[PDB]
file model-v3.cif (mmCIF, C-alpha atoms)
data_input
#
loop_
_atom_site.group_PDB
_atom_site.id
_atom_site.type_symbol
_atom_site.label_atom_id
_atom_site.label_comp_id
_atom_site.auth_asym_id
_atom_site.auth_seq_id
_atom_site.Cartn_x
_atom_site.Cartn_y
_atom_site.Cartn_z
ATOM 1 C CA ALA A 1 -76.499 64.000 -10.356
ATOM 2 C CA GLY A 2 -75.952 60.846 -12.380
ATOM 3 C CA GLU A 3 -72.199 61.345 -11.928
ATOM 4 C CA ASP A 4 -69.394 59.550 -10.083
ATOM 5 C CA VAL A 5 -67.326 62.759 -9.700
ATOM 6 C CA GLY A 6 -67.464 62.724 -5.909
ATOM 7 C CA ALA A 7 -67.334 65.640 -3.484
ATOM 8 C CA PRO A 8 -66.427 69.226 -4.470
ATOM 9 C CA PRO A 9 -63.434 70.927 -2.831
ATOM 10 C CA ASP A 10 -63.971 72.166 0.733
ATOM 11 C CA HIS A 11 -62.157 75.354 -0.265
ATOM 12 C CA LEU A 12 -60.380 77.188 -3.065
ATOM 13 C CA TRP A 13 -57.708 79.786 -2.337
ATOM 14 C CA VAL A 14 -56.529 82.094 -5.123
ATOM 15 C CA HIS A 15 -52.842 82.013 -6.078
ATOM 16 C CA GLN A 16 -52.806 84.117 -9.204
ATOM 17 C CA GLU A 17 -55.780 85.740 -10.945
ATOM 18 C CA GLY A 18 -57.972 82.863 -12.089
ATOM 19 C CA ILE A 19 -55.833 80.089 -10.581
ATOM 20 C CA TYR A 20 -56.919 78.559 -7.297
ATOM 21 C CA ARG A 21 -55.710 75.746 -5.050
ATOM 22 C CA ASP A 22 -57.857 73.394 -2.947
ATOM 23 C CA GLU A 23 -57.192 71.586 0.333
ATOM 24 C CA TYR A 24 -55.064 69.010 -1.563
ATOM 25 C CA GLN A 25 -52.819 71.638 -3.203
ATOM 26 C CA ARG A 26 -54.353 70.816 -6.582
ATOM 27 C CA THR A 27 -54.786 73.710 -8.992
ATOM 28 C CA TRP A 28 -58.107 74.811 -10.488
ATOM 29 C CA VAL A 29 -58.438 77.271 -13.374
ATOM 30 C CA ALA A 30 -61.402 79.645 -13.163
ATOM 31 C CA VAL A 31 -62.926 81.510 -16.091
ATOM 32 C CA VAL A 32 -65.718 84.077 -16.098
ATOM 33 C CA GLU A 33 -68.807 83.496 -18.247
ATOM 34 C CA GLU A 34 -70.934 86.579 -17.742
ATOM 35 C CA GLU A 35 -74.633 86.608 -18.629
ATOM 36 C CA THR A 36 -76.787 89.749 -18.924
ATOM 37 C CA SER A 37 -78.338 89.519 -15.477
ATOM 38 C CA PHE A 38 -75.668 87.538 -13.629
ATOM 39 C CA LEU A 39 -72.213 86.046 -13.486
ATOM 40 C CA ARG A 40 -71.020 82.449 -13.660
ATOM 41 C CA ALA A 41 -67.560 80.994 -13.086
ATOM 42 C CA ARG A 42 -66.538 77.738 -14.746
ATOM 43 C CA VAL A 43 -63.789 76.119 -12.691
ATOM 44 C CA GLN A 44 -61.783 73.131 -13.898
ATOM 45 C CA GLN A 45 -59.214 71.019 -12.062
ATOM 46 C CA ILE A 46 -56.241 71.276 -14.390
ATOM 47 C CA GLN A 47 -52.572 71.041 -13.389
ATOM 48 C CA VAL A 48 -50.951 74.386 -14.240
ATOM 49 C CA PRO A 49 -47.606 75.925 -13.253
ATOM 50 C CA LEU A 50 -47.456 78.129 -10.194
ATOM 51 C CA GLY A 51 -45.217 81.156 -10.012
ATOM 52 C CA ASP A 52 -45.377 83.934 -7.436
ATOM 53 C CA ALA A 53 -48.615 84.483 -5.513
ATOM 54 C CA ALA A 54 -50.212 87.693 -6.756
ATOM 55 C CA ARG A 55 -50.380 90.743 -4.464
ATOM 56 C CA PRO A 56 -53.872 91.400 -3.026
ATOM 57 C CA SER A 57 -53.651 94.927 -4.497
ATOM 58 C CA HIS A 58 -53.923 93.410 -7.995
ATOM 59 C CA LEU A 59 -56.709 91.061 -6.939
ATOM 60 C CA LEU A 60 -59.000 93.770 -5.485
ATOM 61 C CA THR A 61 -60.402 94.559 -8.930
ATOM 62 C CA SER A 62 -61.017 90.962 -10.067
ATOM 63 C CA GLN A 63 -64.534 89.621 -10.712
ATOM 64 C CA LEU A 64 -63.565 86.369 -8.940
ATOM 65 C CA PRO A 65 -62.998 86.136 -5.148
ATOM 66 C CA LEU A 66 -59.882 85.563 -3.062
ATOM 67 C CA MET A 67 -61.481 82.411 -1.682
ATOM 68 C CA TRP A 68 -64.469 80.075 -1.820
ATOM 69 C CA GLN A 69 -65.497 77.920 1.143
ATOM 70 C CA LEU A 70 -67.968 75.037 0.776
ATOM 71 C CA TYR A 71 -71.298 76.069 2.308
ATOM 72 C CA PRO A 72 -74.479 73.978 3.044
ATOM 73 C CA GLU A 73 -76.960 73.366 0.205
ATOM 74 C CA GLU A 74 -74.316 72.891 -2.498
ATOM 75 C CA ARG A 75 -72.909 76.368 -2.765
ATOM 76 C CA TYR A 76 -69.803 78.338 -1.847
ATOM 77 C CA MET A 77 -69.421 81.390 0.334
ATOM 78 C CA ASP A 78 -66.617 83.720 -0.764
ATOM 79 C CA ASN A 79 -64.506 86.195 1.218
ATOM 80 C CA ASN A 80 -67.149 88.936 0.787
ATOM 81 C CA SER A 81 -69.893 86.679 2.266
ATOM 82 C CA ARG A 82 -71.556 86.236 -1.131
ATOM 83 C CA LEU A 83 -73.024 82.867 -2.130
ATOM 84 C CA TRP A 84 -72.263 80.977 -5.324
ATOM 85 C CA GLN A 85 -74.645 78.208 -6.366
ATOM 86 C CA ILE A 86 -73.056 75.011 -7.675
ATOM 87 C CA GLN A 87 -75.134 74.540 -10.846
ATOM 88 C CA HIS A 88 -73.191 71.463 -11.898
ATOM 89 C CA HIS A 89 -70.220 69.341 -10.858
ATOM 90 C CA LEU A 90 -69.190 66.870 -13.511
ATOM 91 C CA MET A 91 -66.412 65.246 -15.482
ATOM 92 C CA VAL A 92 -66.084 66.865 -18.911
ATOM 93 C CA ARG A 93 -63.621 65.380 -21.391
ATOM 94 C CA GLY A 94 -61.822 63.811 -18.428
ATOM 95 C CA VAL A 95 -61.539 67.022 -16.390
ATOM 96 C CA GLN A 96 -63.490 67.747 -13.203
ATOM 97 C CA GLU A 97 -65.623 70.866 -13.626
ATOM 98 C CA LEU A 98 -67.601 73.145 -11.306
ATOM 99 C CA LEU A 99 -70.142 75.578 -12.706
ATOM 100 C CA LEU A 100 -70.755 78.338 -10.145
ATOM 101 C CA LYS A 101 -73.373 81.066 -10.229
ATOM 102 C CA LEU A 102 -73.071 84.225 -8.134
ATOM 103 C CA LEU A 103 -76.375 84.732 -6.338
ATOM 104 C CA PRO A 104 -77.790 88.116 -5.211
ATOM 105 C CA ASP A 105 -76.913 88.955 -1.614
ATOM 106 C CA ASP A 106 -79.798 88.108 0.700
ATOM 107 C CA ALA B 1 -81.113 75.537 -9.483
ATOM 108 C CA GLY B 2 -80.552 79.249 -8.985
ATOM 109 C CA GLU B 3 -82.159 79.832 -12.394
ATOM 110 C CA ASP B 4 -85.371 81.421 -13.678
ATOM 111 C CA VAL B 5 -85.435 79.223 -16.822
ATOM 112 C CA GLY B 6 -88.710 77.537 -15.911
ATOM 113 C CA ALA B 7 -89.944 74.064 -16.815
ATOM 114 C CA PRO B 8 -88.267 71.781 -19.389
ATOM 115 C CA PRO B 9 -90.249 70.589 -22.420
ATOM 116 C CA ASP B 10 -92.772 67.809 -21.769
ATOM 117 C CA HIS B 11 -91.543 66.154 -24.963
ATOM 118 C CA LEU B 12 -89.157 66.418 -27.897
ATOM 119 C CA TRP B 13 -89.939 64.773 -31.229
ATOM 120 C CA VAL B 14 -87.196 64.442 -33.845
ATOM 121 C CA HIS B 15 -87.735 66.110 -37.227
ATOM 122 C CA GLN B 16 -84.343 65.734 -38.824
ATOM 123 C CA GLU B 17 -81.215 64.188 -37.295
ATOM 124 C CA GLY B 18 -80.334 66.405 -34.345
ATOM 125 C CA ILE B 19 -83.321 68.752 -34.684
ATOM 126 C CA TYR B 20 -86.285 68.240 -32.390
ATOM 127 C CA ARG B 21 -89.591 69.997 -31.749
ATOM 128 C CA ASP B 22 -91.396 70.356 -28.406
ATOM 129 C CA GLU B 23 -95.085 70.639 -27.521
ATOM 130 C CA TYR B 24 -95.029 74.316 -28.634
ATOM 131 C CA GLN B 25 -93.576 73.553 -32.089
ATOM 132 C CA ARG B 26 -90.324 75.240 -31.075
ATOM 133 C CA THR B 27 -87.134 73.737 -32.464
ATOM 134 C CA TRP B 28 -84.260 72.410 -30.352
ATOM 135 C CA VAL B 29 -80.829 71.512 -31.735
ATOM 136 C CA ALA B 30 -79.171 68.480 -30.147
ATOM 137 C CA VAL B 31 -75.458 67.718 -30.235
ATOM 138 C CA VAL B 32 -73.610 64.676 -28.927
ATOM 139 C CA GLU B 33 -70.789 65.122 -26.410
ATOM 140 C CA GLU B 34 -69.467 61.633 -25.806
ATOM 141 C CA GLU B 35 -67.331 60.816 -22.766
ATOM 142 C CA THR B 36 -65.281 57.622 -22.327
ATOM 143 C CA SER B 37 -67.801 55.801 -20.167
ATOM 144 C CA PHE B 38 -71.026 57.501 -21.250
ATOM 145 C CA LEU B 39 -72.891 59.795 -23.584
ATOM 146 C CA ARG B 40 -74.325 63.271 -23.078
ATOM 147 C CA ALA B 41 -76.557 65.345 -25.344
ATOM 148 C CA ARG B 42 -76.520 69.134 -25.141
ATOM 149 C CA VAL B 43 -79.839 70.466 -26.411
ATOM 150 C CA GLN B 44 -80.473 74.146 -27.094
ATOM 151 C CA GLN B 45 -83.692 75.930 -28.034
ATOM 152 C CA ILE B 46 -82.662 77.691 -31.222
ATOM 153 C CA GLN B 47 -84.953 78.621 -34.121
ATOM 154 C CA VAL B 48 -83.731 76.709 -37.185
ATOM 155 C CA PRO B 49 -85.324 76.053 -40.587
ATOM 156 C CA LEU B 50 -87.348 72.904 -41.064
ATOM 157 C CA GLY B 51 -87.357 71.001 -44.318
ATOM 158 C CA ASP B 52 -88.661 67.485 -44.877
ATOM 159 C CA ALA B 53 -88.983 65.142 -41.896
ATOM 160 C CA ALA B 54 -86.287 62.486 -42.168
ATOM 161 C CA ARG B 55 -87.253 58.864 -42.897
ATOM 162 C CA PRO B 56 -87.024 56.563 -39.840
ATOM 163 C CA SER B 57 -84.690 54.323 -41.887
ATOM 164 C CA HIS B 58 -82.018 57.050 -41.696
ATOM 165 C CA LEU B 59 -82.675 57.664 -38.010
ATOM 166 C CA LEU B 60 -82.243 54.018 -36.904
ATOM 167 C CA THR B 61 -78.466 54.426 -36.730
ATOM 168 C CA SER B 62 -78.399 57.746 -34.839
ATOM 169 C CA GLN B 63 -76.978 58.031 -31.305
ATOM 170 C CA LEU B 64 -79.922 60.288 -30.357
ATOM 171 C CA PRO B 65 -83.518 58.994 -29.976
ATOM 172 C CA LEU B 66 -86.664 59.552 -32.022
ATOM 173 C CA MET B 67 -88.293 61.076 -28.954
ATOM 174 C CA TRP B 68 -87.829 62.141 -25.340
ATOM 175 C CA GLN B 69 -90.732 62.314 -22.887
ATOM 176 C CA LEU B 70 -90.430 64.103 -19.532
ATOM 177 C CA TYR B 71 -90.223 61.497 -16.763
ATOM 178 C CA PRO B 72 -90.373 61.908 -12.910
ATOM 179 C CA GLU B 73 -87.180 62.879 -11.052
ATOM 180 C CA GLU B 74 -85.935 65.315 -13.705
ATOM 181 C CA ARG B 75 -85.103 62.966 -16.522
ATOM 182 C CA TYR B 76 -86.411 61.903 -19.917
ATOM 183 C CA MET B 77 -87.481 58.504 -21.151
ATOM 184 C CA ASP B 78 -86.800 57.931 -24.853
ATOM 185 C CA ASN B 79 -88.513 55.656 -27.385
ATOM 186 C CA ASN B 80 -86.293 52.702 -26.370
ATOM 187 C CA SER B 81 -87.305 53.066 -22.675
ATOM 188 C CA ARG B 82 -83.870 54.402 -21.719
ATOM 189 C CA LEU B 83 -83.538 57.199 -19.155
ATOM 190 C CA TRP B 84 -81.628 60.434 -19.640
ATOM 191 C CA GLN B 85 -80.733 62.454 -16.550
ATOM 192 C CA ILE B 86 -81.192 66.221 -16.798
ATOM 193 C CA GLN B 87 -77.812 67.348 -15.422
ATOM 194 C CA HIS B 88 -78.586 71.015 -15.979
ATOM 195 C CA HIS B 89 -81.260 73.286 -17.429
ATOM 196 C CA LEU B 90 -80.107 76.858 -17.781
ATOM 197 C CA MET B 91 -79.920 79.977 -19.897
ATOM 198 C CA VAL B 92 -76.524 80.235 -21.597
ATOM 199 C CA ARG B 93 -75.731 83.361 -23.602
ATOM 200 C CA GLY B 94 -79.481 83.947 -23.879
ATOM 201 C CA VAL B 95 -80.338 80.446 -25.125
ATOM 202 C CA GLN B 96 -82.178 77.810 -23.088
ATOM 203 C CA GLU B 97 -80.032 74.697 -22.684
ATOM 204 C CA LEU B 98 -80.608 71.131 -21.485
ATOM 205 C CA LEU B 99 -77.678 68.895 -20.622
ATOM 206 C CA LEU B 100 -78.809 65.255 -20.779
ATOM 207 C CA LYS B 101 -76.907 62.166 -19.711
ATOM 208 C CA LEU B 102 -77.838 58.690 -20.939
ATOM 209 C CA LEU B 103 -78.038 56.416 -17.907
ATOM 210 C CA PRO B 104 -77.424 52.629 -17.931
ATOM 211 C CA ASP B 105 -80.621 50.621 -18.333
ATOM 212 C CA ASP B 106 -81.860 49.388 -14.966
#

call {"tool": "encode", "arguments": {"input": "model-v3.cif", "output": "structure tokens"}}
result
Amino acid sequence: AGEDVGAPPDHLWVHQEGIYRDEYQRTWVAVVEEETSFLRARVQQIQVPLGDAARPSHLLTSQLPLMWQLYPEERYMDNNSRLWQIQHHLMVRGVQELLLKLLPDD
Amino acid sequence: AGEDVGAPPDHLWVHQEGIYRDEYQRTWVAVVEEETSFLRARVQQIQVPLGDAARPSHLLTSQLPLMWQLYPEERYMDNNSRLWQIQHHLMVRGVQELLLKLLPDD
């Protein structure tokens, strides 16, 4: 809104805890910013090294999902069917940033 | 969007450089976050002390305006008739926050 950032990624697949990859093989770093009543994830498109993909056993306990898939009405649906609202998608200090908010399951 | 923050202030009047007051006499602290191609102001509703109102002569050089007035389509019009897009209005760490983006004059 008032930006020239373009379209958000169609999908984000986890590689290692907190590091995702989109349909273009670009890496995104996700950090948790937990509020009292809810959880937000700030995801930035930053080129980071990739080592081994983590085992799902380690990822089961994470606060972030295994995957996000672009869903109608500017939000993402994860692997557990939960919806994440895109609160903002902008360029910050030259880096593309998504601000996601985990919504209550309806 | 996905928030329960409510309505943004109808107006913000500068008191001292970077410190504004809304229609309820509540103080808001504004900081500049300048990008390469544009300028953003992050404004948070935080209770701060108020001393003397600054003289307009000192405020003429500031990057922030003397006042913001809520304008249709979620944006603010300042004292110079410029428009600022509200990119986000949310509660961050318990503090209400506005993220404004100065748009090119049209």

call {"tool": "residues_around", "arguments": {"input": "model-v3.cif", "residues": "residue 46 of chain A", "least_positions_apart": "2", "cutoff": "12 Å", "atoms": "only C-alpha atoms", "output": "number ranges by chain"}}
result
A: 18-22, 25-30, 43-44, 48-50, 91-98

call {"tool": "interface_residues", "arguments": {"input": "model-v3.cif", "of": "chain A", "to": "chain B", "cutoff": "10 Å", "atoms": "only C-alpha atoms", "output": "list in words"}}
result
residues 1, 2, 3, 33, 34, 35, 36, 40, 84, 85, 86, 87, 88, 89, 90, 91, 92, 93, 94, 100, 101, 102 and 103 of chain A

call {"tool": "write_last_selection", "arguments": {"input": "model-v3.cif", "atoms": "C-alpha atoms", "output": "compact mmCIF listing (two decimals), in the frame of the given file"}}
result
# COMPACT_ATOMS: atom_id res chain seq x y z
CA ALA A 1 -76.50 64.00 -10.36
CA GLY A 2 -75.95 60.85 -12.38
CA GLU A 3 -72.20 61.34 -11.93
CA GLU A 33 -68.81 83.50 -18.25
CA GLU A 34 -70.93 86.58 -17.74
CA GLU A 35 -74.63 86.61 -18.63
CA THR A 36 -76.79 89.75 -18.92
CA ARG A 40 -71.02 82.45 -13.66
CA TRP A 84 -72.26 80.98 -5.32
CA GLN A 85 -74.64 78.21 -6.37
CA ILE A 86 -73.06 75.01 -7.68
CA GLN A 87 -75.13 74.54 -10.85
CA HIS A 88 -73.19 71.46 -11.90
CA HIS A 89 -70.22 69.34 -10.86
CA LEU A 90 -69.19 66.87 -13.51
CA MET A 91 -66.41 65.25 -15.48
CA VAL A 92 -66.08 66.86 -18.91
CA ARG A 93 -63.62 65.38 -21.39
CA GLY A 94 -61.82 63.81 -18.43
CA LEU A 100 -70.76 78.34 -10.14
CA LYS A 101 -73.37 81.07 -10.23
CA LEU A 102 -73.07 84.22 -8.13
CA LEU A 103 -76.38 84.73 -6.34

call {"tool": "calpha_fit_and_write", "arguments": {"input": "model-v3.cif", "fixed": "chain B", "moving": "chain A", "output": "mmCIF file with C-alpha atoms, keeping the file's coordinate frame"}}
result
data_model
loop_
_atom_site.group_PDB
_atom_site.id
_atom_site.type_symbol
_atom_site.label_atom_id
_atom_site.label_comp_id
_atom_site.auth_asym_id
_atom_site.auth_seq_id
_atom_site.Cartn_x
_atom_site.Cartn_y
_atom_site.Cartn_z
ATOM 1 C CA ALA A 1 -81.113 75.536 -9.484
ATOM 2 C CA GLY A 2 -80.552 79.249 -8.985
ATOM 3 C CA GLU A 3 -82.159 79.831 -12.394
ATOM 4 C CA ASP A 4 -85.371 81.421 -13.678
ATOM 5 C CA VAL A 5 -85.435 79.222 -16.821
ATOM 6 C CA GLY A 6 -88.710 77.537 -15.911
ATOM 7 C CA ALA A 7 -89.944 74.064 -16.815
ATOM 8 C CA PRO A 8 -88.267 71.781 -19.389
ATOM 9 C CA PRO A 9 -90.249 70.590 -22.420
ATOM 10 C CA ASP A 10 -92.772 67.808 -21.769
ATOM 11 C CA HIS A 11 -91.543 66.154 -24.963
ATOM 12 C CA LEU A 12 -89.158 66.418 -27.897
ATOM 13 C CA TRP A 13 -89.939 64.773 -31.229
ATOM 14 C CA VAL A 14 -87.197 64.442 -33.845
ATOM 15 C CA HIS A 15 -87.735 66.110 -37.227
ATOM 16 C CA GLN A 16 -84.343 65.734 -38.824
ATOM 17 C CA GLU A 17 -81.215 64.189 -37.295
ATOM 18 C CA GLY A 18 -80.334 66.405 -34.345
ATOM 19 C CA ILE A 19 -83.321 68.751 -34.684
ATOM 20 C CA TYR A 20 -86.285 68.240 -32.390
ATOM 21 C CA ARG A 21 -89.590 69.996 -31.749
ATOM 22 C CA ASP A 22 -91.396 70.356 -28.406
ATOM 23 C CA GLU A 23 -95.085 70.639 -27.521
ATOM 24 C CA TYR A 24 -95.029 74.316 -28.633
ATOM 25 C CA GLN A 25 -93.575 73.553 -32.089
ATOM 26 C CA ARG A 26 -90.324 75.240 -31.075
ATOM 27 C CA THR A 27 -87.133 73.737 -32.464
ATOM 28 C CA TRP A 28 -84.260 72.410 -30.352
ATOM 29 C CA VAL A 29 -80.829 71.513 -31.736
ATOM 30 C CA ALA A 30 -79.171 68.480 -30.148
ATOM 31 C CA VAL A 31 -75.458 67.719 -30.235
ATOM 32 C CA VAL A 32 -73.611 64.676 -28.927
ATOM 33 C CA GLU A 33 -70.789 65.122 -26.410
ATOM 34 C CA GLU A 34 -69.467 61.633 -25.806
ATOM 35 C CA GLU A 35 -67.331 60.816 -22.766
ATOM 36 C CA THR A 36 -65.281 57.623 -22.328
ATOM 37 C CA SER A 37 -67.801 55.801 -20.167
ATOM 38 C CA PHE A 38 -71.026 57.502 -21.250
ATOM 39 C CA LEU A 39 -72.891 59.795 -23.584
ATOM 40 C CA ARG A 40 -74.325 63.271 -23.077
ATOM 41 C CA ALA A 41 -76.557 65.345 -25.343
ATOM 42 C CA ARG A 42 -76.521 69.134 -25.141
ATOM 43 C CA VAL A 43 -79.839 70.466 -26.411
ATOM 44 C CA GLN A 44 -80.473 74.146 -27.094
ATOM 45 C CA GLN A 45 -83.692 75.930 -28.035
ATOM 46 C CA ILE A 46 -82.662 77.691 -31.222
ATOM 47 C CA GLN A 47 -84.953 78.621 -34.121
ATOM 48 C CA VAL A 48 -83.731 76.709 -37.186
ATOM 49 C CA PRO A 49 -85.324 76.053 -40.587
ATOM 50 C CA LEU A 50 -87.348 72.904 -41.064
ATOM 51 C CA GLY A 51 -87.357 71.002 -44.318
ATOM 52 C CA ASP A 52 -88.661 67.485 -44.877
ATOM 53 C CA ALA A 53 -88.984 65.142 -41.895
ATOM 54 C CA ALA A 54 -86.287 62.486 -42.168
ATOM 55 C CA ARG A 55 -87.253 58.864 -42.897
ATOM 56 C CA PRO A 56 -87.024 56.562 -39.840
ATOM 57 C CA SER A 57 -84.691 54.323 -41.888
ATOM 58 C CA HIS A 58 -82.019 57.050 -41.696
ATOM 59 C CA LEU A 59 -82.675 57.664 -38.010
ATOM 60 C CA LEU A 60 -82.242 54.018 -36.904
ATOM 61 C CA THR A 61 -78.466 54.426 -36.729
ATOM 62 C CA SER A 62 -78.398 57.747 -34.839
ATOM 63 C CA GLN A 63 -76.978 58.031 -31.305
ATOM 64 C CA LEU A 64 -79.921 60.288 -30.358
ATOM 65 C CA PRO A 65 -83.518 58.994 -29.976
ATOM 66 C CA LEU A 66 -86.663 59.552 -32.022
ATOM 67 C CA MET A 67 -88.294 61.076 -28.953
ATOM 68 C CA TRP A 68 -87.828 62.140 -25.340
ATOM 69 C CA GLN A 69 -90.732 62.313 -22.887
ATOM 70 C CA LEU A 70 -90.431 64.103 -19.531
ATOM 71 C CA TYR A 71 -90.223 61.497 -16.763
ATOM 72 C CA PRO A 72 -90.373 61.909 -12.910
ATOM 73 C CA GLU A 73 -87.180 62.879 -11.051
ATOM 74 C CA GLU A 74 -85.935 65.315 -13.705
ATOM 75 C CA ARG A 75 -85.104 62.966 -16.522
ATOM 76 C CA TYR A 76 -86.411 61.903 -19.918
ATOM 77 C CA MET A 77 -87.481 58.504 -21.151
ATOM 78 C CA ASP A 78 -86.800 57.931 -24.853
ATOM 79 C CA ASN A 79 -88.513 55.657 -27.384
ATOM 80 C CA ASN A 80 -86.293 52.702 -26.370
ATOM 81 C CA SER A 81 -87.306 53.066 -22.675
ATOM 82 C CA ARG A 82 -83.870 54.402 -21.719
ATOM 83 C CA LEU A 83 -83.538 57.198 -19.155
ATOM 84 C CA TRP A 84 -81.629 60.435 -19.640
ATOM 85 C CA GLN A 85 -80.733 62.454 -16.550
ATOM 86 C CA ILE A 86 -81.192 66.221 -16.798
ATOM 87 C CA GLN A 87 -77.811 67.348 -15.421
ATOM 88 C CA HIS A 88 -78.586 71.014 -15.979
ATOM 89 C CA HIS A 89 -81.260 73.286 -17.428
ATOM 90 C CA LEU A 90 -80.107 76.857 -17.782
ATOM 91 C CA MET A 91 -79.919 79.977 -19.897
ATOM 92 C CA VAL A 92 -76.524 80.235 -21.597
ATOM 93 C CA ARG A 93 -75.731 83.361 -23.602
ATOM 94 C CA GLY A 94 -79.480 83.947 -23.878
ATOM 95 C CA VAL A 95 -80.338 80.446 -25.125
ATOM 96 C CA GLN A 96 -82.179 77.809 -23.088
ATOM 97 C CA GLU A 97 -80.032 74.697 -22.684
ATOM 98 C CA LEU A 98 -80.608 71.131 -21.486
ATOM 99 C CA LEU A 99 -77.678 68.894 -20.622
ATOM 100 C CA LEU A 100 -78.810 65.255 -20.780
ATOM 101 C CA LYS A 101 -76.907 62.166 -19.710
ATOM 102 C CA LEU A 102 -77.838 58.690 -20.939
ATOM 103 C CA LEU A 103 -78.038 56.417 -17.907
ATOM 104 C CA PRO A 104 -77.424 52.629 -17.931
ATOM 105 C CA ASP A 105 -80.620 50.621 -18.333
ATOM 106 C CA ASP A 106 -81.860 49.389 -14.966
#

call {"tool": "resolve_selection", "arguments": {"input": "model-v3.cif", "expression": "the PyMOL selection byres ((chain B and resi 65) around 10)", "output": "VMD selection string"}}
result
chain B and resid 12 to 14 17 to 18 20 59 to 64 66 to 68 77 to 80 82

call {"tool": "write_last_selection", "arguments": {"input": "model-v3.cif", "atoms": "C-alpha atoms", "output": "short mmCIF file (atom, residue, chain, number, x, y, z; two decimals), in the frame of the given file"}}
result
data_model
loop_
_atom_site.label_atom_id
_atom_site.label_comp_id
_atom_site.auth_asym_id
_atom_site.auth_seq_id
_atom_site.Cartn_x
_atom_site.Cartn_y
_atom_site.Cartn_z
CA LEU B 12 -89.16 66.42 -27.90
CA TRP B 13 -89.94 64.77 -31.23
CA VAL B 14 -87.20 64.44 -33.84
CA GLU B 17 -81.22 64.19 -37.30
CA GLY B 18 -80.33 66.40 -34.34
CA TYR B 20 -86.28 68.24 -32.39
CA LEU B 59 -82.68 57.66 -38.01
CA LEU B 60 -82.24 54.02 -36.90
CA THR B 61 -78.47 54.43 -36.73
CA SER B 62 -78.40 57.75 -34.84
CA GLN B 63 -76.98 58.03 -31.30
CA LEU B 64 -79.92 60.29 -30.36
CA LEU B 66 -86.66 59.55 -32.02
CA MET B 67 -88.29 61.08 -28.95
CA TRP B 68 -87.83 62.14 -25.34
CA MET B 77 -87.48 58.50 -21.15
CA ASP B 78 -86.80 57.93 -24.85
CA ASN B 79 -88.51 55.66 -27.38
CA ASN B 80 -86.29 52.70 -26.37
CA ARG B 82 -83.87 54.40 -21.72
#

call {"tool": "atom_distance", "arguments": {"input": "model-v3.cif", "atom1": "atom CA of residue 55 of chain A", "atom2": "atom CA of residue 38 of chain A"}}
result
27.1 Å

call {"tool": "atom_distance", "arguments": {"input": "model-v3.cif", "atom1": "atom CA of residue 9 of chain A", "atom2": "atom CA of residue 73 of chain A"}}
result
14.1 Å

call {"tool": "atom_distance", "arguments": {"input": "model-v3.cif", "atom1": "atom CA of residue 45 of chain B", "atom2": "atom CA of residue 10 of chain B"}}
result
13.7 Å

call {"tool": "axis_aligned_box", "arguments": {"input": "model-v3.cif", "around": "segment 18-34 of chain A", "padding_each_side": "3 Å", "output": "JSON"}}
result
{"center_x": -61.9, "center_y": 77.8, "center_z": -9.0, "size_x": 24.1, "size_y": 23.6, "size_z": 24.6}

call {"tool": "resolve_selection", "arguments": {"input": "model-v3.cif", "expression": "the PyMOL selection byres ((chain A and resi 51-53) around 6)", "output": "number ranges by chain"}}
result
A: 15-16, 50, 54

call {"tool": "closest_residue", "arguments": {"input": "model-v3.cif", "among": "A:99, A:106, A:57, A:8", "to": "residue 81 of chain A", "atoms": "all atoms listed in the file"}}
result
A:106

call {"tool": "closest_residue", "arguments": {"input": "model-v3.cif", "among": "A:47, A:58, A:39, A:5", "to": "residue 104 of chain A", "atoms": "only C-alpha atoms"}}
result
A:39

call {"tool": "decode", "arguments": {"input": "model-v3.cif", "residues": "segment 51-66 of chain A", "atoms": "C-alpha atoms", "output": "short mmCIF file (atom, residue, chain, number, x, y, z; two decimals), in the first residue's frame"}}
result
data_model
loop_
_atom_site.label_atom_id
_atom_site.label_comp_id
_atom_site.auth_asym_id
_atom_site.auth_seq_id
_atom_site.Cartn_x
_atom_site.Cartn_y
_atom_site.Cartn_z
CA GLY A 51 23.47 -26.44 4.78
CA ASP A 52 21.57 -29.67 5.39
CA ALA A 53 17.77 -29.58 5.48
CA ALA A 54 16.65 -30.10 9.07
CA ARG A 55 14.85 -33.33 10.05
CA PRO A 56 11.08 -32.89 10.58
CA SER A 57 11.55 -34.37 14.08
CA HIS A 58 13.41 -31.19 15.09
CA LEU A 59 10.85 -28.96 13.39
CA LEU A 60 7.79 -30.43 15.16
CA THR A 61 8.35 -28.19 18.19
CA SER A 62 8.95 -24.92 16.30
CA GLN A 63 6.55 -21.96 16.57
CA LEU A 64 6.87 -21.42 12.79
CA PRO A 65 5.35 -23.81 10.20
CA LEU A 66 6.91 -26.21 7.71
#
